[PDB]
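Q:
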Amino acid sequence: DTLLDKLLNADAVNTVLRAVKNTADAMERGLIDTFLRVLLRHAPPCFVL
Amino acid sequence: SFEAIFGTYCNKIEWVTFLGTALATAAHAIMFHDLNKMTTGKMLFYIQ
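Protein sequence lines, in the order shown, are assigned to chains A and B. This note's numbering applies: residue 101 is where the first sequence begins, and numbers increase by one. This note's numbering applies: residue 8 is where the second sequence begins, and numbers increase by one.
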């Protein structure tokens, strides 16, 4: 490191950590998604009910 | 009978060094660890 490696290495670290962080975000939002879609596939309309 | 394996005379290597050699008065050796990251080096000169 004559310091130009250090930004590249810490940006690799930032990219992996932001990948895992937005990955946990995507996991939570996909849980929201499929939970909502299961409620849609198990919710009849009001003119039926 | 005998074979007389005498002393294995391991001739030690003669060392060199680039700055110790006389070519380094024409050289000017510079470490730069992003030489693997340069395009080139292109000294501009201003001559009046």
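The beta carbon of each residue, even a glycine, is placed where N, CA and C say it ideally should be.
What did DSSP end up calling B:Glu-21 once you bin it into helix, strand or coil?
A: Looking at B:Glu-21 - three-state DSSP - the assignment turns out to be coil, as it is neither helix nor strand.
Q: Under 9 angstroms, CB to CB, which of the residues in the stretch 107 to 134 of chain A have a partner in chain B?
A: Result list empty, no residue passes.
Q: If you check the beta carbons only, do B:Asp-41 and A:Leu-107 fall under 7 angstroms apart?
A: Contact flag unset, no.
Q: Quick check: B:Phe-25 and B:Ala-31, are their CB atoms within less than 7 angstroms of each other?
A: Yes, Cβ-Cβ distance for B:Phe-25 and B:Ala-31 is below 7 angstroms.
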